[PDB]
Structure formats: C-alpha cells, structure tokens
C-alpha cells in the first residue's frame, strides 16, 4: 500500500527479500517503507534515486539496547519514567543511534533522548504534543 517508484521498491526487495505487507509513505523528499522484520516494526528511508539513507528498528524495550545505553538511561533523570519506545537508528555511513521515548506521567511530559552506543547523550528533546519525532527532520 502507498506509492513508491519501481526502482525504490526493487532496492528494498534486495535488502529485505522476506519483507511483506509493506506500506509506503513520503517524509520530506524521502520514500519510507514500513513493515515487520523479525517481530520488529521496521522503517527504511530512500531517496527518489533508490538510495537507502536511514533504517529504524522499534526494539520497544530497554532489554535490546547496548549495556552502556541501558546504564546511562538507568542513571538519568528519566530512569523512573514510562518507556514508550526504543528505536535502533542506522545509516549507510554514520554510527547507529539509540532513540528512547519516555513519559513522565506525574509531570505530564514526554521526552526523547538520543544516545550513541557508548551511552553519550546527543539530544534530550521535549516531545510533549509533538509528532513524527523520529522522521527525516530529526536525523537527515
């Protein structure tokens, strides 16, 4: 479902031959493939020239993250919060990123923290009432 040029669809098939029920959408000048891979929600961004520029895997839980990220999150001011999502963000040339979305229900605030695999904080964003916080505008 959704539109994507044939070249872009062929490029995704080459990367994930077992991918089924793919939903295509646009995010700025990118085509985004949305599907389930190994039980995880997966999204792949493509240029119109069928070059992949970003991958996202919704791990959802902290038991999937590198131990350095787990320990940095556990020592942070968000450790007591409700984890809403955990995403492994990858790129063709750049280092991967762990994006954690955590709610503070008593504070009535939602936050997004971007970590390097070594546990270094790249960004602490207040995403209360914000949408598409993991799209091309955050990473590309």
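Numbering follows the first chain given and starts at 1.
- Stretch comparison (111-119 versus 79-87) by mean CA B-factor in the PDB entry places 79-87 on top.
- Legend: mean Cα B-factor per stretch from the PDB entry, 21-29 versus 120-128; the higher mean is in 21-29.
- Among 92, 66, 96, 48, the highest C-alpha B-factor in the deposited entry belongs to 48.
- Ranked by Cα temperature factor within the chain, residue 61 sits in the middle third according to the deposited record.
- When the modelled residues of the chain are ordered by C-alpha B-factor, residue 38 sits in the highest third.
- When the CA B factors of the chain's modelled residues are split into thirds, the value for residue 106 lands in the highest one.
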